[PDB]
Amino acid sequence: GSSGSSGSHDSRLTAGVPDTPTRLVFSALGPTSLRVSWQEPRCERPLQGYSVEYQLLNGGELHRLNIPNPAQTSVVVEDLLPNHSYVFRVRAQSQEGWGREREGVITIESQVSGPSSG
Numbered sequence: 001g002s003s004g005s006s007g008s009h010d011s012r013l014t015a016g017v018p019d020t021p022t023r024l025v026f027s028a029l030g031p032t033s034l035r036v037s038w039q040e041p042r043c044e045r046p047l048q049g050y051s052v053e054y055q056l057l058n059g060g061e062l063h064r065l066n067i068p069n070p071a072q073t074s075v076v077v078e079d080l081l082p083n084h085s086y087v088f089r090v091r092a093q094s095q096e097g098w099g100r101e102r103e104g105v106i107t108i109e110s111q112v113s114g115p116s117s118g
């Protein structure tokens, strides 16, 4: 219909940003090793990379991991503490900016051989 509007100049706002990614996948290669994998979220613009921030659930040191590859949807986290929870918050970045991030905490469990058939 008719044209013409009035108001702030909010149009270039971050819209092509990557939507919150899906749950994460932990491998736990070991007591001091792990592997977080996410799912390429929706984004009108091509992603430039990813960010995997992890830190003691309770509250300790926060380590930010940058991904120079927008295709690599998986990273191996090592140098962790045994029997300690870590909040792994994965985030995505696109030509626009940083979108949402998925929360995923893991509990290092050593000396566990699953169930026992009998």
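When we follow the deposited numbering, the leftmost residue of the sequence shown carries the number 1, and every step to the right adds one.
All residues carry an ideal CB built from backbone N, CA and C; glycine is no exception.
Straight-line gap, residue i to residue j (C-alpha atoms, nearest Å)
i: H63; j: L24; result: 17 angstroms
i: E103; j: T14; result: 22 angstroms
i: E61; j: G97; result: 25 angstroms
i: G1; j: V87; result: 50 angstroms
i: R100; j: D19; result: 6 angstroms
i: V90; j: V52; result: 4 angstroms
i: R35; j: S8; result: 45 angstroms
i: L80; j: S113; result: 21 angstroms
i: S27; j: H84; result: 15 angstroms
i: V77; j: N66; result: 12 angstroms
i: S117; j: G49; result: 44 angstroms
i: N58; j: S3; result: 55 angstroms
Residue i - partner residues in DSSP beta bridges
i: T107; result: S85
i: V77; result: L34
i: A92; result: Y50
i: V25; result: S37
Whole-number beta carbon distance between residue j and residue i, since they are thought to touch under 8 angstroms
i: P82; j: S110; result: 6 angstroms
i: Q39; j: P21; result: 6 angstroms
i: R45; j: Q95; result: 4 angstroms
i: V17; j: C43; result: 7 angstroms
i: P31; j: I108; result: 6 angstroms
Residue burial classification, residue i (beta-carbon count within 10 angstroms, cutoff 16)
i: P41; result: buried
i: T73; result: buried
i: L47; result: buried
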